[PDB]
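> Need coordinates for the below:
(chains A, B, C and D, ligands or ions: 8)
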4 protein chains.
Amino acid sequence: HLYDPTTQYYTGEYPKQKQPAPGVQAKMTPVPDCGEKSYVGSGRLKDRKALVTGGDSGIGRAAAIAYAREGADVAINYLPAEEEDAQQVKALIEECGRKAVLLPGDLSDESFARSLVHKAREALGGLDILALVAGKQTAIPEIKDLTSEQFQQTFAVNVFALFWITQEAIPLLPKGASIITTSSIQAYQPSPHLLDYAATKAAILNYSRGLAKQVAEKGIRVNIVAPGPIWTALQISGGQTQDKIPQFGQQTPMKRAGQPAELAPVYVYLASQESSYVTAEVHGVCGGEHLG
Amino acid sequence: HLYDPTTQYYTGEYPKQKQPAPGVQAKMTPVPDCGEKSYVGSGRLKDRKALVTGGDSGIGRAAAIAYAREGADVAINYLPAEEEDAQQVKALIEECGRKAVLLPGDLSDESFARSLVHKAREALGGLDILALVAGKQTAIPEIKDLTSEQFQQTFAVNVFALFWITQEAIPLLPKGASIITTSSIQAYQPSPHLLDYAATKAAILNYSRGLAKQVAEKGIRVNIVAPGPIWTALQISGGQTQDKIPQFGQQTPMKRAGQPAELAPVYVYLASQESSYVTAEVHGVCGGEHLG
Amino acid sequence: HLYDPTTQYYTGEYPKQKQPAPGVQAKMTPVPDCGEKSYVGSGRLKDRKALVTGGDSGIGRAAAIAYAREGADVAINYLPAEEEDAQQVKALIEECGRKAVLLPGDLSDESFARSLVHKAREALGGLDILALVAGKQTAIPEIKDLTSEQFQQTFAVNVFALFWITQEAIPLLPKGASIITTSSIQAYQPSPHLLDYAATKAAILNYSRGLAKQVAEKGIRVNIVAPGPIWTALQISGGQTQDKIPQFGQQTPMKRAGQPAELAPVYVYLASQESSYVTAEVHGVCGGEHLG
Amino acid sequence: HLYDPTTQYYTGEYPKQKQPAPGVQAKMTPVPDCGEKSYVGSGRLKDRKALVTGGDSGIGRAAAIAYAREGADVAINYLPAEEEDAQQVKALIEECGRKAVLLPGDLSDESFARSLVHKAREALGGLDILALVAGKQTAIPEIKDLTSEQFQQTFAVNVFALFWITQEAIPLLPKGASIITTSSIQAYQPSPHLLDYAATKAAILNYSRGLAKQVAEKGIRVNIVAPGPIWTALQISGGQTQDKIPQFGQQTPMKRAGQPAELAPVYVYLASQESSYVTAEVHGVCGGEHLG
Ligand SMILES: NC(=O)c1ccc[n+]([C@@H]2O[C@H](COP(=O)([O-])OP(=O)(O)OC[C@H]3O[C@@H](n4cnc5c(N)ncnc54)[C@H](O)[C@@H]3O)[C@@H](O)[C@H]2O)c1
Ligand SMILES: NC(=O)c1ccc[n+]([C@@H]2O[C@H](COP(=O)([O-])OP(=O)(O)OC[C@H]3O[C@@H](n4cnc5c(N)ncnc54)[C@H](O)[C@@H]3O)[C@@H](O)[C@H]2O)c1
Ligand SMILES: NC(=O)c1ccc[n+]([C@@H]2O[C@H](COP(=O)([O-])OP(=O)(O)OC[C@H]3O[C@@H](n4cnc5c(N)ncnc54)[C@H](O)[C@@H]3O)[C@@H](O)[C@H]2O)c1
Ligand SMILES: NC(=O)c1ccc[n+]([C@@H]2O[C@H](COP(=O)([O-])OP(=O)(O)OC[C@H]3O[C@@H](n4cnc5c(N)ncnc54)[C@H](O)[C@@H]3O)[C@@H](O)[C@H]2O)c1
Ligand SMILES: [Mg+2]
Ligand SMILES: [Mg+2]
Ligand SMILES: [Mg+2]
Ligand SMILES: [Mg+2]
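Residues are numbered from 1 along each chain as shown, chains lettered A, B, ... in the order given. Ligands and ions are numbered 1, 2, ... in the order given. See the structure here:
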């Protein structure tokens, strides 16, 4: 029973729609499909313990759902404004028979970002998967309109918090632990309206590779997922200009945007012990708008 | 039950050993682990129909085994000299309860290479996975010793046969079909003893991306796997100079070579319908000697 | 005296035109600008001795002209059907005060490709720059229409001849010699209508890097130039489909195609002893349609 | 005469030595060669007006010297603790018959970084080349020892100051202006002792490409230079561990480090109007330790 991947998910134009960042995905048209009805596990992460940032919505939610479906207990971080989305994820994790831990807070607060790993490990009784998916993205077509405050904040959420969290995690992660970070096609093909954001995506990719090299001897793997155009709240809450929303994703070879569901399998592959010889590698999921 | 990936597979030095190309893996010390005793499926390729070139040994064998474990019927191609290795794979596929088809023949013979798709499709009653893993690799440290015959033959097996097979397959492949080709870290970091070989690995990566773009509209995906140093018969039958064998793999961040078993999960991910938004992408499995 | 690079060269649309390959650039509308009236040398290649393949027209011609302007004697190879264009380059070289040598012949003939190096060295009294610019490019939008004959011929001209020439040259090249090969943006972003061609451009880039590593100890440097869309005979003699000619180049950030003249400065930089710490590197000239 | 580039500059081991950052290159053993006696101009930048950050020492010094030798007036920025180096550069610029402007100040201060562009333009009577070479680099082999203060300072100097300067410059730069930023091999091959630094080098590369796309229509070009191992004060004032100093550079295919002199030619190529079809491109100068 083979499906055509070009028509498997929504292929129509997206309604124009806007929300204040970071957005509530439950309010979108359509709501992003994060695999709630479709993802089926096979115990590839049995009794693993995961922290997922951005686990309330979008790609991080797809990873959180799949991780629970594969047998892991899951802590999610997200912003308080996203509590309604986070509560849906709590229910999805618990329905898998797993433990859900909800740890809201702002990753641009260094002390919060540092405390998070320890709170999650205590609540879960361990920690051996980190999926760092949270991100800020604000489209600004002309550099004269790009403020210092925005530029620095994008780096704080996307790069500095990645350092703060991983620095706290390394000493406590067991041999076999897996860290998955989140870059973008933008790391390779930066758009002129995402000067700060695309540069953070490049920094994430590079930092992840350097960290991988440094911690390989501790038995810890660090890998990167770089999605292409995925239908998510990040894109309707300022990540794209409003005029780009209707045809979002249609320029890819597959002629549609991805849904977050389609990211879960690679997050599972990388978390799983099956990817034992994989570290420092980036994985594209871009509808043919390929990395390189 | 978490394992340290750095110590999970062989970490000793490799004895010096040499066989005539293409080599018989059963004569190696150690014999490459292709997942015979470890790979467990979950129905991710149920009733799929795969052709795997190089399916007798090494990475292609690991893919063939995993595909059968995941529920697929499998045809393998290999050279007659490798019949003993291919017979072991026949048994492994049949022990999964699936159909095995052995189609020996030389891929540098265009008429044979083109016929292979038709033979596999007839035997299997269809065809919807192609894993193109066969390759020639001959180390020559100084260009004065690199013959035109060798250079051309490396391109025939690694590039021309990829074109011949894929051209024959495209008109027959159903929507949802998945093609997986095999590049190398050498495509990004070519070594001076592999002038022809590394250039073919770069050509494979590029051709696969172009093909992906061309066939996306037909619902066919084309992706690339690029391994790092993996212990296989290719490496002991002329792919490496003899002096490079004992320490093979030890320069990677993980400080060991990979085993073919470790490549099967990505070949399954890419064959599976789960990778619906993945086309034209390369996937590294290199022990931290990363692509880019 | 600063000019706007966006408007420095023609920014408008091109008329459809087709010539049989390889094309006569003197018959194009408009004729490509190869720097005939603009390039000014300063002795950076004084008394050097260059062989330039494809030196009759296009990018190779721009390199040949600039090399003579910088003080080098220059031998050009080209196909005999291109004699009109070659005779123009002969005059241009002589008008720089240097010696021109015209060595027509088909690089897909291995005997001729190998002899070329020796004929050029004998005629020039030495040889210490090789600019390998000749290429075949044939657009075929659907793989069903891509013949084995075309695929192999593309590899013969673009890859095998590069190997034949460089193998023949290495034993005779002095310390300080510089080899410059020619890839493309297509090596990174292959178009579905150029499956064979783009794969050769990737192979050239890779082979050049491996060769650079092998011959560094001999004091020889090997570097690569990867142009973007440049207005040339290759593009109107089958390299592009006719429908792609009118707006050729207009998709780049600079909104125009390049002219061959604009490639000369990087060919000079790489030939010159000034690039002493540069080997195995690729240099993009793409109007902002950047390489990786 | 033709020179062997592998032995053109020193090939042996370097004494261990340390200075407080940012170092004084005049006190190094040996002092880096920045082209003081070797670089000869030909008017390629006649009457151009350049600002060079890090213009006191190392690669920025080599660019500043070459720019003046090619006919440009040159303003240099540097930290005021570097006056011993900066004063030498003033003399070198003036000895070419050009105007020198010394504008010291710490680029991590946003107000200073923004003011710098205006002060330089006022002092020079215009501004049409920006070579942004300043950088902080601090080796820390283990993440436990990498402080937030260091991480953020490395991003302030290397990334935020690049944004501050370029944002301030764009509105005032004429058509034809050229911006050259400075990345590294580390952007592609990050080392585990340089987690923050290498990530900044990837961010610089990416931001530069995005900026180039945004400002192409304004007739401004933006390109990147990515050196390999170059003997400079950055390396002996904390950028490398002491144990990495003795064999610095010997791992490249050329088997030596570069000297800053060897970077000048690409900075001139990119500043010059000759590179009219070059924007968003990165240029490696790495002794064969090539970029992607
Ligand atoms: N959607 C795409 O097209 C796309 C493409 C490439 C990469 N990405 C990456 O995917 C990741 C997830 O985003 P998404 O697209 O799934 O959208 P999303 O909006 O569903 O997820 C982003 C999440 O970031 C978190 N976040 C933002 N700022 C935060 C802060 N200050 N503190 C704590 N959490 C914060 C929020 O919890 C939010 O749910 C991001 O890193 C993004 O860069 C997305
Ligand atoms: N082992 C490594 O370190 C490594 C690294 C990167 C990529 N690879 C790639 O992995 C692929 C598989 O090789 P492997 O390392 O598993 O070793 P292997 O020797 O087990 O597999 C190579 C197979 O190629 C097939 N082959 C060779 N010439 C053929 C011909 N003329 N006709 C038909 N079949 C032919 C043989 O059947 C052989 O089993 C190759 O494409 C190789 O480039 C290997
Ligand atoms: N024009 C572009 O948009 C573009 C873009 C990227 C790369 N390139 C590369 O530029 C190089 C030069 O081509 P160009 O665009 O300047 O066009 P061109 O037509 O002016 O040059 C190509 C030359 O190739 C030579 N050639 C072809 N087949 C040959 C054979 N069998 N034997 C001997 N010589 C042969 C011909 O002499 C011809 O002049 C090619 O390698 C091409 O791949 C061009
Ligand atoms: N030397 C190498 O191996 C190497 C390799 C790749 C890239 N680079 C890059 O080359 C560039 C120049 O460094 P270099 O190696 O020539 O050494 P260098 O020490 O001679 O130059 C670095 C300069 O940075 C400037 N700088 C540092 N912090 C500053 C601040 N807070 N405010 C103002 N100026 C500041 C100083 O003026 C200093 O001279 C850097 O951007 C570095 O990342 C160097
Ligand atoms: Mg959210
Ligand atoms: Mg075999
Ligand atoms: Mg011609
Ligand atoms: Mg200094």
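
> just checking, what packs against the longest strand along chain A?
When chain A is parsed with DSSP state E, its longest strand is strand A:221-227. Packed against strand A:221-227 by the contact rule (3 or more Cβ pairs under 8 Å, 6 or more residues apart in numbering or on different chains; DSSP states H and E) you find strand A:178-182, helix A:195-215, helix A:264-271, strand A:282-285. Yep, even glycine has a C-beta here, placed from its N, CA and C like the rest.

> how does it look with 10 Å?
Counting contacts by 3 or more Cβ pairs under 10 Å, 6 or more residues apart in numbering or on different chains; DSSP states H and E, strand A:221-227 is packed against helix A:58-69, strand A:129-132, strand A:178-182, helix A:195-215, helix A:264-271, strand A:282-285.

> Do it and ligand 1 come into contact?
Yes - contact between strand A:221-227 and ligand 1, assessed by Cβ under 6 Å from any ligand atom, occurs at residue A:227.

> picking that back up, so which of the helices and strands packed on strand A:221-227 is the most packed in?
With neighbours defined as mean count of other Cβ atoms under 10 Å in any protein chain shown, these peak in mean count at helix A:58-69, which reaches a mean of 30.

> Do it and ligand 5 come into contact?
No - using Cβ under 5 Å from the ion, helix A:58-69 stays clear of ligand 5, coming no nearer than 6.1 Å.

> Then stretch A:34-50?
No - using Cβ under 5 Å from the ion, stretch A:34-50 stays clear of ligand 5, coming no nearer than 10.8 Å.

> What residues of that stretch count as buried?
Under the neighbour-count criterion of 16 or more other Cβ atoms under 10 Å in any protein chain shown, stretch A:34-50 has A:34, A:35, A:36, A:39, A:41, A:44, A:45, A:48, A:49, A:50 buried.

> can you redo the helices and strands packed on strand A:221-227 as JSON lines with distance to residue B:160?
What follows is the helices and strands packed on strand A:221-227, written out as JSON lines (distance: least, Cβ to Cβ, whole Å):
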{"stretch": "helix A:58-69", "distance to residue B:160": "40"}
{"stretch": "strand A:129-132", "distance to residue B:160": "42"}
{"stretch": "strand A:178-182", "distance to residue B:160": "38"}
{"stretch": "helix A:195-215", "distance to residue B:160": "34"}
{"stretch": "helix A:264-271", "distance to residue B:160": "32"}
{"stretch": "strand A:282-285", "distance to residue B:160": "27"}
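
> Which of these sits closest to residue B:99?
Relative to residue B:99, the nearest member of those by Cβ to Cβ is helix A:264-271, separated by 26.4 Å.

> picking that back up, out of the buried residues of stretch A:34-50, which comes closest to ligand 5?
Among the buried residues of stretch A:34-50, residue A:34 lies closest to ligand 5 (Cβ to the ion), at 10.8 Å.

> ok, residue A:117 touching residue A:130?
Yes - using Cβ atoms under 10 Å, residue A:117 is in contact with residue A:130, at 7.8 Å.

> between the two, what contacts are shared?
A:51, A:75, A:165, A:166, A:169, A:173 (Cβ atoms under 10 Å, 6 or more residues apart in numbering or on different chains).

> so which of these would you say is closest to residue B:200?
Residue B:200 lies nearest to residue A:166 out of the shared contacts of residue A:117 and residue A:130, by Cβ to Cβ, at 37.8 Å.

> and the closest one, what does it touch?
A:117, A:130, A:132, A:173, A:179, A:181, A:207-208, A:211, A:215, A:220, A:222, D:143, D:195.

> Let me have those residues in JSON lines, extended by distance to residue B:241.
What follows is the contacts of residue A:166, written out as JSON lines (distance: Cβ to Cβ, whole Å):
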{"residue": "A:117", "distance to residue B:241": "46"}
{"residue": "A:130", "distance to residue B:241": "41"}
{"residue": "A:132", "distance to residue B:241": "41"}
{"residue": "A:173", "distance to residue B:241": "38"}
{"residue": "A:179", "distance to residue B:241": "36"}
{"residue": "A:181", "distance to residue B:241": "37"}
{"residue": "A:207", "distance to residue B:241": "36"}
{"residue": "A:208", "distance to residue B:241": "33"}
{"residue": "A:211", "distance to residue B:241": "33"}
{"residue": "A:215", "distance to residue B:241": "32"}
{"residue": "A:220", "distance to residue B:241": "33"}
{"residue": "A:222", "distance to residue B:241": "32"}
{"residue": "D:143", "distance to residue B:241": "37"}
{"residue": "D:195", "distance to residue B:241": "35"}
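
> thinking again about what came up before, do you know which of the helices and strands packed on strand A:221-227 lies nearest ligand 4?
helix A:195-215 (13.4 Å; Cβ to the nearest ligand atom).

> That closest one and chain D in contact?
Yes - contact between helix A:195-215 and chain D, assessed by Cβ under 10 Å from any Cβ of the partner chain, occurs at A:195-215.

> Show me which residues of the stretch 51-200 of chain A sit near ligand 1.
Checking the stretch 51-200 of chain A against ligand 1 by Cβ under 6 Å from any ligand atom, the hits are A:53-54, A:56-60, A:77-79, A:82, A:106-108, A:133-137, A:157, A:182, A:184.
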